[PDB]
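**Q** Pasting an experimental structure, sequence included:
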Number of protein chains: 2
Amino acid sequence: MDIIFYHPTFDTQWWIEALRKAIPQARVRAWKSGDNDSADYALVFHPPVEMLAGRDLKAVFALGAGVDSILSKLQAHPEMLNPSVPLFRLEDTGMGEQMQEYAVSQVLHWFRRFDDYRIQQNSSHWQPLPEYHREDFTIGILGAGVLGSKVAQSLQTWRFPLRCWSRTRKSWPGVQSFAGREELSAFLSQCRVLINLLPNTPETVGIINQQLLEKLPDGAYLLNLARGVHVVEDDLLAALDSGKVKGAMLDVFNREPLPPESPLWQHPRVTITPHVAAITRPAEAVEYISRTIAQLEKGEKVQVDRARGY
Amino acid sequence: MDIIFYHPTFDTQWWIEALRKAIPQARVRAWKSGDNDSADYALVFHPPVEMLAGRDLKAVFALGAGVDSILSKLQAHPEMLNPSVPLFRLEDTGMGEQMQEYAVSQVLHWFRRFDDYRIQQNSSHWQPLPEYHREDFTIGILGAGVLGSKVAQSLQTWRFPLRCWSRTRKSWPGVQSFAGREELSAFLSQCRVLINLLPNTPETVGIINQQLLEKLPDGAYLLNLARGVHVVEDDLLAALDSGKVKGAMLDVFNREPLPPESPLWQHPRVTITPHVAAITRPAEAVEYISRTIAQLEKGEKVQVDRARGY
Ligand SMILES: NC(=O)c1ccc[n+]([C@@H]2O[C@H](COP(=O)([O-])OP(=O)(O)OC[C@H]3O[C@@H](n4cnc5c(N)ncnc54)[C@H](OP(=O)(O)O)[C@@H]3O)[C@@H](O)[C@H]2O)c1
Ligand SMILES: NC(=O)c1ccc[n+]([C@@H]2O[C@H](COP(=O)([O-])OP(=O)(O)OC[C@H]3O[C@@H](n4cnc5c(N)ncnc54)[C@H](OP(=O)(O)O)[C@@H]3O)[C@@H](O)[C@H]2O)c1
């Protein structure tokens, strides 16, 4: 088989050599402009139109968990990927654990009031504070997918009450499952901590706005791990300033890098990470891609729903 | 039976009523000065000499995990507790989980470089940083007891390499056990993170000094969860200033409250909590005390070694 690989910043030769070892019958090459030679599979991140247009590929593997970029490119350029070509994304491949690390650390940070103790330390002021209790710290996960379920699983270990929101009902024994826009208000009413693990789709853009935030309990916390477009940043800032939201830790933003003029940078209740919550682990991605191609070849169960948008 | 209770700041009537429900045959009273009436068990925190002196008690229950205070008082006042009287302390009773919450949150915080991102956020500066790897983040637990083992167990969940140090060899399958002063240098050589869960005894006072810190890997982290006397604070500050130690989170100090003149308060790589790492959970302490008395009465297995000092 023939595999073409494109990624704008990764160690390309590293990936080619790992793919060749994992798929020893494959001829793997880096795609450059002008390469119209035959290919069976394409591995891509932010590919240019010309790399895929007209190609009757057996599959395309997008090298990320999110697919809002490629799907929006395919809508602007319908000629880019034939409907006959299945599109795959990276499910977990190590990003599950990374989301768990981030969420557990920061949920515990807030639960143990390390944010309040830091404020007090800034004034060299010693004062034990009342303990918080699990019953008042229900954690709601917006998005109940590959990453949402991993984050829910790790927080259940700590015995926090847990609820999740998605389009379809979930069956996780200790997690209350809310589904659809018609159940979102009830979902939000109890979320002391709100963790966002939704995909970017037309249906979820701007969903964390003033009406959503007002339905949370007072003194809530927001952990945005998903996409910046999900949050109306001026609405979040107003809820932080009014005390509705006690703290927000944000990995993603409407414009990235976050412009220095944004009030989020210097706001005392905001913590910023520069879109680093979960990165693809190359060796796990190669194992997942190699395994998927083998299953495709054998006609076994294994994918992105372009109509659905994620 | 007769139980006398003394605690200088807890909700005394709450404890008396919970002890009466858990031990319905018991007459429970708060000890005041002048009460020389008979008693079978004493429940105490920082008791005055007069409460125990001359009393042939069946047992004394110290209402804490640490016992350096009462043991030092007994050495200064040998007449206070007859050698015939067994002394018990609170083992876990909820402090296990609290130590796990603290340690897991902060270990993950450091592993994911939230301390570096915070420094960068202070300047509104956006910059992804290289990932750290588990193989470079061995965690060493100084003290391998009730709380040490719980902290080790929770960090193994995250697949960090783990080692522990104590007087006697441990058998935890995935944790390398170092024992005695003669093995401490080898123990320390690999500790990217050093977590202190030792008791305060004459043998461990000042153990985290300049010679210990210099044996750690560069860029190490210190989490002092145990006693302030374990750390020579000026030696820690010199190791922070030289870059040997990248970060220190401290819950305890040689003088408490930490005096405002201490350079630890404003040091950029130090995080301070005001001795709040793990507090006794009253209902769990009552359950443990009630269960222990029942086992004593039935002649079953169940205690502080005064000769040993912890
Ligand atoms: N560094 C980073 O910040 C980083 C890294 C990786 C990924 N991510 C983000 O995390 C996202 C999730 O990854 P994943 O693998 O967990 O995705 P996934 O497996 O597709 O899960 C998506 C979840 O969102 C739900 N959802 C989608 N549209 C919805 C709507 N309109 N209403 C309610 N729920 C809806 C789905 O519900 P159903 O279960 O009913 O379908 C599903 O539970 C990605 O889209 C990406 O944006 C961020
Ligand atoms: N808020 C707080 O900060 C807070 C709250 C509760 C407790 N604590 C602290 O945590 C301590 C530990 O509690 P615990 O219940 O885990 O105590 P523990 O069960 O008695 O464990 C003590 C451990 O320290 C080791 N040890 C004692 N002396 C030693 C020496 N000279 N060299 C090497 N190892 C030595 C013991 O080794 P062996 O196993 O060989 O005997 C044992 O593993 C308490 O003493 C207290 O100071 C702090």
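**A** Okay, I see it. Numbers count the residues shown, from 1 in each chain, chains lettered A, B, ... in the order given. Ligands and ions are numbered 1, 2, ... in the order given.

**Q** Just give the closest residue to whichever residue of the stretch 51-200 of chain A sits closest to ligand 1, not the sequence neighbours.
**A** For the stretch 51-200 of chain A and ligand 1, the shortest gap (C-beta to the nearest ligand atom) falls at residue A:145, measuring 1.8 Å. Any C-beta I mention is one placed from the backbone N, CA and C, and that applies to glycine too. Using C-beta to C-beta, 6 or more residues apart in numbering or on different chains and skipping residues adjacent in sequence, the residue nearest residue A:145 is residue A:197, 6.7 Å away.

**Q** Checking the nearest residue to residue A:55 once chain neighbours are set aside next. Helix, strand or coil?
**A** The shortest distance from residue A:55 to any non-neighbouring residue, by C-beta to C-beta, 6+ apart, is to residue A:39 (6.5 Å). Under DSSP: H, G, I helix; E, B strand; the rest coil, residue A:39 falls in the coil class.

**Q** and residue A:39, how many neighbours?
**A** Per other C-beta atoms under 10 Å in any protein chain shown, the neighbour tally for residue A:39 reads 22.

**Q** Contacts only, for it.
**A** A:2, A:3, A:4, A:55, A:57 (C-beta atoms under 8 Å, 6 or more residues apart in numbering or on different chains).

**Q** what about the spatially closest residue to the first one that is not a sequence neighbour, distance to residue A:237?
**A** What sits nearest to residue A:2 in space, not counting adjacent residues and going by C-beta to C-beta, 6+ apart, is residue A:39, at 4.7 Å. Computed as C-beta to C-beta, to the nearest Å, the residue A:39 to residue A:237 distance reads 47 Å.

**Q** what do you get for residue A:301?
**A** Residue A:301 is 46 Å from residue A:237, by C-beta to C-beta.

**Q** neighbour count winner among these two?
**A** residue A:237 (18 against 4).

**Q** Do I have it right that that one meets residue A:265?
**A** No. Counting by C-beta atoms under 8 Å, residue A:237 does not reach residue A:265; the two are 11.4 Å apart.

**Q** hmm, back to that, residues in contact with the residue nearest to residue A:145?
**A** Applying C-beta under 8 Å, 6+ apart, the residues near residue A:197 are A:99, A:141, A:142, A:143, A:144, A:145, A:147, A:148, A:151, A:225, A:226.

**Q** cutoff 7 Å now
**A** A:141, A:142, A:143, A:145, A:147, A:148, A:151, A:225, A:226 (C-beta atoms under 7 Å, 6 or more residues apart in numbering or on different chains).

**Q** In a markdown table, list these along with secondary structure and neighbour count.
**A** Output for those, formatted as a markdown table (DSSP: H, G, I helix; E, B strand; the rest coil; neighbours: other C-beta atoms under 10 Å in any protein chain shown):
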| residue | secondary structure | neighbour count |
| --- | --- | --- |
| A:141 | strand | 31 |
| A:142 | strand | 29 |
| A:143 | coil | 23 |
| A:145 | coil | 17 |
| A:147 | helix | 27 |
| A:148 | helix | 26 |
| A:151 | helix | 27 |
| A:225 | coil | 27 |
| A:226 | coil | 26 |
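
**Q** Just give me the closest of the residues you listed to residue B:183.
**A** residue A:151 (39.2 Å; C-beta to C-beta).

**Q** ok, the closest one to ligand 2 distance?
**A** Distance, residue A:151 to ligand 2, by C-beta to the nearest ligand atom, to the nearest Å: 29 Å.

**Q** Quick check, that residue in contact with residue A:101.
**A** No. Between residue A:151 and residue A:101 there is no contact under C-beta atoms under 7 Å: 9.9 Å.

**Q** in the sheet, who's paired with residue A:231?
**A** residue A:208 (DSSP bridges).

**Q** Now that it has come up, it's in contact with residue A:224, right?
**A** Yes. With contact defined as C-beta under 7 Å, residue A:231 counts as touching residue A:224 (5.6 Å).

**Q** OK, contacts around the closest residue to ligand 2 within the stretch 201-310 of chain A?
**A** Relative to ligand 2, the nearest point of the stretch 201-310 of chain A is residue A:247 (23.6 Å; C-beta to the nearest ligand atom). Listed by C-beta under 7 Å, 6+ apart, the contact set of residue A:247 reads A:110, A:115, A:221, A:269.

**Q** Name the SS class of it, please.
**A** strand.

**Q** ok, it to chain B distance?
**A** 13 Å (C-beta to the nearest C-beta, to the nearest Å).

**Q** Select, from the contacts of residue A:39, the two members most distant in space.
**A** Greatest spatial distance among the contacts of residue A:39 (C-beta to C-beta): A:3 and A:55, at 12.4 Å.

**Q** Double-check that residue A:21 belongs to a helix.
**A** Yes. Assessed by three-state DSSP, residue A:21 belongs to a helix.

**Q** Contact partners for residue A:193?
**A** Taking C-beta under 7 Å, 6+ apart, one finds A:107, A:110, A:137, A:139, A:221, A:223 in contact with residue A:193.

**Q** what's the closest of those residues to residue A:170?
**A** residue A:139 (14.7 Å).

**Q** May I have the beta-bridge partners of that closest one?
**A** Beta-bridge partners, per DSSP bridges, of residue A:139: residue A:162, residue A:193.

**Q** Strands of chain A, start to end?
**A** Along chain A, counting by DSSP state E, strands occupy A:2-6, A:27-30, A:41-44, A:59-62, A:87-88, A:139-142, A:162-166, A:175-179, A:193-196, A:220-224, A:245-250, A:270-272.

**Q** any idea how far the third one is from the chain center?
**A** Computed by C-alpha atoms, centre = their mean, to the nearest Å, the separation of strand A:41-44 from the middle of its chain amounts to 21 Å.

**Q** Give the pairing partners of that strand; include direction for each.
**A** Per DSSP bridges, strand A:41-44 is paired in its sheet with strand A:2-6 (parallel), strand A:59-62 (parallel).

**Q** CA atoms only: put the last one into CSV for me.
**A** Spelled out, that is strand A:59-62. Presented in CSV, the C-alpha positions along strand A:59-62 are these (Å, rounded to 0.1, in the frame of the first residue of the first chain):
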residue,chain,number,x,y,z
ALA,A,59,-9.4,6.4,4.2
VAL,A,60,-8.2,9.7,5.5
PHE,A,61,-6.8,9.9,9.1
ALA,A,62,-7.0,13.4,10.6
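
**Q** tell me the contacts of the spatially most central residue of chain A?
**A** In chain A, the centroid-proximal residue (C-alpha atoms, centre = their mean) is residue A:226; its distance is 3.9 Å. Shown in contact with residue A:226 (C-beta under 7 Å, 6+ apart): A:143, A:196, A:197, A:198, A:252.

**Q** I figured the last one was touching residue A:273, is that so?
**A** Think residue A:252. No. If you go by C-beta under 7 Å, residue A:252 and residue A:273 don't touch, sitting 8.9 Å apart.

**Q** and ligand 2, which of the strands paired with strand A:41-44 is closest to it?
**A** Of all the strands paired with strand A:41-44, strand A:59-62 sits nearest to ligand 2, with 47.9 Å by C-beta to the nearest ligand atom.

**Q** Next to chain B in this structure, residues from the stretch 51-200 of chain A, please.
**A** A:101-102, A:104-105, A:108-109, A:112, A:117, A:121, A:124, A:126-128, A:131 (C-beta under 7 Å from any C-beta of the partner chain).

**Q** Helices - which of these land there?
**A** Within those, residues falling in helices by DSSP state H are A:101, A:102, A:104, A:105, A:108, A:109, A:117, A:121.

**Q** Could you dump those into JSON lines with neighbour count and distance to residue B:192 added?
**A** Output for these, formatted as JSON lines (neighbours: other C-beta atoms under 10 Å in any protein chain shown; distance: C-beta to C-beta, whole Å):
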{"residue": "A:101", "neighbour count": "21", "distance to residue B:192": "16"}
{"residue": "A:102", "neighbour count": "24", "distance to residue B:192": "20"}
{"residue": "A:104", "neighbour count": "22", "distance to residue B:192": "19"}
{"residue": "A:105", "neighbour count": "21", "distance to residue B:192": "16"}
{"residue": "A:108", "neighbour count": "22", "distance to residue B:192": "20"}
{"residue": "A:109", "neighbour count": "23", "distance to residue B:192": "20"}
{"residue": "A:117", "neighbour count": "21", "distance to residue B:192": "24"}
{"residue": "A:121", "neighbour count": "21", "distance to residue B:192": "24"}
